[PDB]
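Below is one structure; the comments refer to it alone.
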Amino acid sequence: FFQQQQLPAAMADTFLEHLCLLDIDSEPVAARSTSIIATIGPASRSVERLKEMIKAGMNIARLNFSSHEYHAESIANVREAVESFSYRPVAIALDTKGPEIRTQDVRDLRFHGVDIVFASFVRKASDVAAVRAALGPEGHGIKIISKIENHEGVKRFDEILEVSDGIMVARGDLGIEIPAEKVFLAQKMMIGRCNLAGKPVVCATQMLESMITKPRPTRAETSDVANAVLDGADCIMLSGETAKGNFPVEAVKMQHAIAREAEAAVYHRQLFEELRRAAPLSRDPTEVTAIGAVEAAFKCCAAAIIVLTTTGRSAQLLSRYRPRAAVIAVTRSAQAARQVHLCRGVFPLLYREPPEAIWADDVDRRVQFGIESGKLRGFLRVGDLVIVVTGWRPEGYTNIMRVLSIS
Amino acid sequence: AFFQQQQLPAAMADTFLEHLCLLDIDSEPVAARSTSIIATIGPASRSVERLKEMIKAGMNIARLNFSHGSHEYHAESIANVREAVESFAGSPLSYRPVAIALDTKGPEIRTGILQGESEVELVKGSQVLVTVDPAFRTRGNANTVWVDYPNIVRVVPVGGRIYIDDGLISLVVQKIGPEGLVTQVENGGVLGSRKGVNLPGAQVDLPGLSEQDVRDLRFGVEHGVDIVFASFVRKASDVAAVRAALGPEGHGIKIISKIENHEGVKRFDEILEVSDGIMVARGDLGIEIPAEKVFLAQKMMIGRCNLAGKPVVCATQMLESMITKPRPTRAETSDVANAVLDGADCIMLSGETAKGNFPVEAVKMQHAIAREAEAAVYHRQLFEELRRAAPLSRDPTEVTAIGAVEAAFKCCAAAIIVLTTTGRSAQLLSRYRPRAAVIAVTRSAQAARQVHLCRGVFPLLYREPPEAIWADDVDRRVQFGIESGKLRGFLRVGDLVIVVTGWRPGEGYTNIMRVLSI
Amino acid sequence: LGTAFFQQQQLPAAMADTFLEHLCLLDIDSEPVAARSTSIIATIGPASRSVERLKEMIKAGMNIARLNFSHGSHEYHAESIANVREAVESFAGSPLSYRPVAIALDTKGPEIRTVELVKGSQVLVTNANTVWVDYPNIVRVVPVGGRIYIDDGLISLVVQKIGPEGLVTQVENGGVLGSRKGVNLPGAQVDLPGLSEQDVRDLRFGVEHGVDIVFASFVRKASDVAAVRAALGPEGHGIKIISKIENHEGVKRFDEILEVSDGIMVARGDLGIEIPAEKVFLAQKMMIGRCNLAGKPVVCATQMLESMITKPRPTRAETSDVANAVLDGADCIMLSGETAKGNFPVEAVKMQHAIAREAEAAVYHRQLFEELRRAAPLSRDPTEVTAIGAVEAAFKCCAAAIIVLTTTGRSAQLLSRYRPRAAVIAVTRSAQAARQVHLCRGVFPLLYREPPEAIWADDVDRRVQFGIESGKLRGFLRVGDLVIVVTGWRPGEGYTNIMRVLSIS
Amino acid sequence: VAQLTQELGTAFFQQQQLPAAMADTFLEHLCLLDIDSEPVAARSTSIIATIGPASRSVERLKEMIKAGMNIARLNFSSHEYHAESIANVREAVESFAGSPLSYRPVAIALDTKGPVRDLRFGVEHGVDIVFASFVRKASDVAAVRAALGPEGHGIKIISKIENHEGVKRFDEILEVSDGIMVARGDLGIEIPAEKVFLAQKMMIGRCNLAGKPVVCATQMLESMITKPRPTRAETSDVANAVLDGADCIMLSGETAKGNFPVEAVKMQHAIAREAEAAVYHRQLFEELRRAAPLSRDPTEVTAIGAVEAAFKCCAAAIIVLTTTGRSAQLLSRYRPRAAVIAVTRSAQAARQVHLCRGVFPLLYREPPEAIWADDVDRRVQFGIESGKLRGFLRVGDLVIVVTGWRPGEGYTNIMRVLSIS
């Protein structure tokens, strides 16, 4: 009961004691919260395997651009595997090809309702003003994740993250564009500033390479996946291991298993406190409500925080304070339900039933929707405690948290 | 301009040392004074019009000290307090509840009568005999002292000390015997008759209550006092005697145990457990232990009361020289400020308001000081340390309360508005020492008085008619809070407040937290 | 290690993981065994002028004798000085227990001076409705909205018109105005010179009679301490200037004053007239914090035990004030009328010693040492590096003493600024330095009068041995104790670069 | 502060992640990590290379030394072959004994085959370190120690923690061993592969507390078995084992039987160097200060004193005179940023302190002086010349010098601050 979830190590008084109390016999029981991004290719274009992967852990499917009809088949195939169904949104990410001369894209971008763009070779804020200009007012609601992959981008990181919705640590290209021995510095720096900023961050490429042609990963690759979770990454990735390789689902299986283990061994006591000291005061009532709900979640070992949101914003500001409790986001928007897979700890649930006449009643119905999905999916049992986060009228106005026993 | 104020540059410092260095005397303490002030009522503060003045200066608890005065006397003080308090009842947004406390005389040990209003000098070195034989009860020598505590010969060993006359005369036990205790005079001095006796380090087996305290406490219950400060609390069994003296009608009376001697300090934890709160009674404590040690007992007791979430009072000689002078000494202002920095929920005035010449100015100086000192509290470290030391909880009131205080710090909330019927939610807010004012709306005149014991809690008494739809009755009370606070200065338009309420009526909870723009 | 180990000097509270827990484990039965380290300044007067009385005060703990030059003649002070030195030297026949005692000179300072009852309105400043002040630039420095206090801050007036003919004020607080009463100008940049003509004569008298320390009144800016240094002149180059911060501008320009002063006095007396009484504690805690961070000594002054002028025991606020001054960081605590004029001078010294001793043990060194080191800049000064290593070594082994050889006192001060619990036993041949290091908390100075030995390693050794025996004799040190010894590889300071761990034989 | 930039120049403080080192939180420390900040401090996480077909040449072993191998590992899972290996090592090491100021001790470890006679082979081949395999409880190591017997008393027992039982009875294992190896290869078989980092970070932690060497091993740079360049996951693994606290890191088939055995060592070296500069010492030192118990051991006291002083002046090195290596170890436990430069006469201690992160052992050949103090000053001056020649030390540097008042290592109790000339 308290033996699980690394709770003994979560209550240590120092980072050092915490490490010494990590218990291989303590079982992850929380839902796995770090999103897996799988890169689509041959081994993963079967509507068959997409069913097998989406059960294995996939949350985002990545469309690398290195033909349009090829990727449009990919799209419709993923989508069919998603709608065959516990229903689990799955977002679609377009990873632009970008400039190339060993160290177009507007067509790929204007090109089907993608949820995310991993823009490539980003180096300045203007770059992001491009991709956002090109996406035009019709492409606004899409999420720009600037890939950082060269020295110039590392050094201008603050101006890039400023305008971006998120960041990718493009380790493949960085390990050539800068000494390989310096990559870990770039990674940890960037993950830390993104957690500080509350904007999702992605660790990527070669994380489970050997699994391209083996069923079991190296020791280094186990450690590498854990440590990206420990660093604070929102999403971890798979490239060849799912594009062009013999173990697409054993891969997604083991990224799920590893991240489930690493997430429990996060030292929240220190992470939360160091966000209390580094984060500026906020006067946004939604952020204020979120830090309140996370603190309450911890005080009672909440099973989940159930938040209502339309744009995904409320669930993001919960995610930035890293609750152990799962963030059960209930939304009528269907792109929101896919785009929040960029924020660690958010499980989306899409409410399709229509509005109700009294504002109060519509909210409860969505909230009980979350409780029943949660009950059925293993998050909630009865006599559990949860935190509930809603508004008073219909995203900006999200300013209420309630403590509720599950009945 | 917001950052100039309430020492916010010092609040953001990364260490305590640097927090001290960034303290700024031009940073005005805009927020409202949260540490409650206890004024002992007497000749100098009994009259109604004075009391009105003192209330306005910032008195929050009136203290009736039954070491002196008749019951007819304190009845009239209680009477006049209530008249002063209710004179402001006509303006509900500004009405200031005021608690009443009874401070018991307590058991006592006294010497005999001499052969005489006469006097005699006990000489250092000289051999003095302390006897409980009634012969000498009127035949007090310079070498024989009679005492009205028979078991003094059972409870001071060889090597123990006997202190007479407010601690000025000291005596050491050399031999114990059937005629009495053989002493040598250690601190010589002049004793009169029926002087005060103190047995340092003894376990005094006197009753938790004297016969006068049962009469005084019965009087208390009959007059509806909110608070008993119980003298000479040495053990849990002493506080249970006090509760039984309060009888059936006194279950709701807060019992604040006075820790006044070595035994009570060492049994602190067991006393705090069955007490509602604690008074650090430095006056008798300073006679019972070495004076240079009282500051250790103060900070230990305040530290533990903060850990336990229970109100703690610092008492006696805080602005003592203001009994005759209109301005205090530099030690006195520093004492009040450090009591607050330490963590005290209340600070007290005894003679300064019961019998001196500047009672109103003495209330005003504690107000001004407490207000500066609250602002200089290093919340970054205190909030963290109270957070981590407190246990996990599945009580939704506790849970919401920590959430609410966390949210207040994030936005520098002007207030936290809380609906409570007992006070308990306000108290669970207060135990985390928010910087934001805890505005506590209640319908219970008792609760409104009693939560003055809790630092940070401004009680508002709501008299208006209940509304049929409960969600509407909640809103009107939150409004009452907002509008009371606007006009008292706690809240301005633009400010953010956290509001804490229950989900449904008589669910016994507060489990709703909202963030609201004014 | 033992049990009786942790049942004294508040060691259970020393090792708590938080400040809050530290507070909770403070124990009134945990005796302080360490020697009292916070020096006591006793203001000299009729109550404390006789040689016999001063011996009693030395034995009760007086470390610095303060000479208040607001009153009394040079000849009167020359007599105080002679009796102090007579009483101090009466103990020098025992080299292993002789306590140096510094002499400080507190300057009168600049002064603005003036039975009608100014009431509830309208006075002009240039009897009953007009006040004339001997400070012509009053009209120049008190703006419309500024204030003028008169007589101990009893009366206040508010400027409403700076006219050709002076300043038209309204009476804010009325009372009885007598003749030539002190005036204060809260918030003003008072352009009086750093020094008065009387001070210059007093400073000269001070150098001529060999005083160790100057408490310089009403210091507002760096230029003022330069004038005091100027008036002490080159024969007073070795005298310490402790700047009295007494008014709003002093507090606001504290940094620039600290940087050129040898230390600071928090002069709470005139500060509570010059700023709201309720704000002094803020100025006290900020000034002590900044002095502690800079490693420069800070004195806490005025009314600490005020009631003992007539009573044999202090009030509860008074012992509280003394303990909290120590807990704040103060290097020195001070007695004015309690030792100059009252009826219990010796007892007032005794009470300060007793409170300080208890409060020293209640310091939360775990947090204090962590914050002084994280906040102090890196250093390339071998004497500073060695000091911090030695203080760290002393905590690791709860050493009984740090024994340091110092000629100017500087090595001892650099140990003091990291606030060791271990006593800093400072062995010197300079009688003045040994008087002066009493400004530094935790420093017990030992004056060594034996002539040097021709070989340097042997001279170092005999002075270390003098410190261990004195320490044994006075109770600092028992056989088996560990001490940390701090010396140099050669003559000088900046060459104090050796730390040794020693078992007392 | 201006003396610091006058003395060292402004650029000094942009290097070795000093801007991130002064951060008030670990989060902000991470945000201040900088790929342009260069790791000027010598690389101090020792490298263990397993010897094999690709690493037995007398002339390859020279490439591995100049590349940074400090401990030669002998995997016993045939004698004629291993005594041949031991011989190639010693030939290779001694090719540089012509110039003592630059001679690099190298140690030799025997890693047991698993589940007695291999040890006494080791013993009287003069090996320095036993990597006991499959240890599960205290008696398994007491058994090992007994087998080594009297000729193997001076030999260091490094228990390999390979299964669930040894992970769970780890305290008592550690309580008796000289150190610990986190055997990831077998341990990823004997426990779920996703729980291994847990065992890892947990064991390193407890070893850091105990002041006892801990080694991270197996598959770190595996892809370099057949490739000249490592995986992104694999550079991260190396960096992260340093950040974890590991004293030592090891190469298996990167050097035994692979095509790039001198690039694998080279790469372990460059990663470790960057990662050491990246350690958050402020928090690490404090936590080890707060956990380490009060000591009346003069050598302990003097070591923490000297570590504190090294941080205060960012000293180029701490120079320690040690015979058993105890003093260098008690320095290593507090994880200085400054190089620990360990001058010893005992050739076996000079090889064995490679287990202690931060220690750079130098072997002193010259004969006693008559005067103890003269002998000390000549040993210290050797460490300084060795350091200047190798570029640890420049004129103007400050070093902390740790020595003894009289001969013997229960007598390390003097600490000196010194300017290199």
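If you're wondering about the labels, chains in the structure tokens are A, B, ... by order shown, residues count from 1 in each chain, ligands from 1 in order shown.
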Worksheet item: Could you pull out all residues of stretch 125-373 of chain C with a DSSP call of strand (DSSP E or B) and give them as a PyMOL selection string?
Response: chain C and resi 125+130-131+147-150+155-163+166-173+175-177+182-184+213-216+240-245+263-267+298-301+332-335
Listing only residues of chain C within 12 Å of chain A, what is the closest atom pair and its distance in Å (to one decimal) for each, using only C-alpha atoms, sorted by chain and residue number ascending, as a Markdown table?
```
| residue | atom | partner | partner_atom | distance |
| --- | --- | --- | --- | --- |
| C:16 | CA | A:13 | CA | 11.8 |
| C:17 | CA | A:13 | CA | 8.5 |
| C:18 | CA | A:13 | CA | 10.3 |
```
Practice prompt. For atom CA of residue B:511 and atom CA of residue A:403, quote the distance in Å rounded to one decimal.
Written response: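 Rounded to one decimal, the two atoms are 5.1 Å apart.
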Practice prompt. List every residue of stretch 18-129 of chain A that DSSP, applied to the backbone of this structure, places in helix (DSSP H, G or I), and write the result as a count of residues only.
Written response: 41
Practice prompt. Take atom CA of residue D:114 and atom CA of residue D:75 and report the distance between them in Å, one decimal.
Written response: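 According to the coordinates, atom CA of residue D:114 and atom CA of residue D:75 are separated by 10.6 Å.
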Item to complete: Skip stretch 462-478 of chain B itself and residues of its chain fewer than 4 positions away, then list as a list in words all residues within 7 Å of it, counting only C-alpha atoms.
Response: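 The residues that qualify are residues 417, 441, 442, 443 and 482 of chain B.
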Store the residues picked out above, limited to N, CA, C and O atoms, as a compact mmCIF listing (two decimals), in the first residue's frame.
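New file out-v3.txt:
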```txt
# COMPACT_ATOMS: atom_id res chain seq x y z
N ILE B 417 -11.00 33.81 1.67
CA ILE B 417 -12.32 33.92 2.31
C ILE B 417 -12.81 32.51 2.63
O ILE B 417 -12.90 31.68 1.72
N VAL B 441 -15.98 33.93 7.58
CA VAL B 441 -17.38 34.30 7.70
C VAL B 441 -18.11 33.22 8.49
O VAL B 441 -18.11 32.05 8.10
N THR B 442 -18.78 33.61 9.56
CA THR B 442 -19.45 32.62 10.39
C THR B 442 -20.75 33.19 10.94
O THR B 442 -20.97 34.40 10.98
N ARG B 443 -21.65 32.30 11.31
CA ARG B 443 -22.91 32.72 11.89
C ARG B 443 -22.88 32.58 13.38
O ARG B 443 -23.82 33.00 14.05
N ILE B 482 -16.33 39.62 0.97
CA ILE B 482 -15.65 40.50 0.03
C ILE B 482 -15.90 41.96 0.39
O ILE B 482 -14.99 42.81 0.34
```
Item to complete: Just need the residues of chain B within 7 Å of chain C, counting only C-alpha atoms, so spit them out as a PyMOL selection string.
Response: chain B and resi 15+17+20-25+282+292-293+295-297+299-301+303-304+317-318+329-335+368-369+372+385
Item to complete: Check every residue of chain B for an atom within 10 Å of chain A, counting only C-alpha atoms, and provide those that qualify as a VMD selection string.
Response: chain B and resid 12 to 14 380 384 387 to 388 390 to 413 495 to 503 509 to 517
For the contact check between chain D and chain B, emit one row per residue of chain D within 12 Å, containing the shortest atom pair and the distance in Å rounded to one decimal, counting only C-alpha atoms, chain then rising number order, as a Markdown table.
```
| residue | atom | partner | partner_atom | distance |
| --- | --- | --- | --- | --- |
| D:23 | CA | B:14 | CA | 10.5 |
| D:24 | CA | B:14 | CA | 7.2 |
| D:25 | CA | B:14 | CA | 9.5 |
```
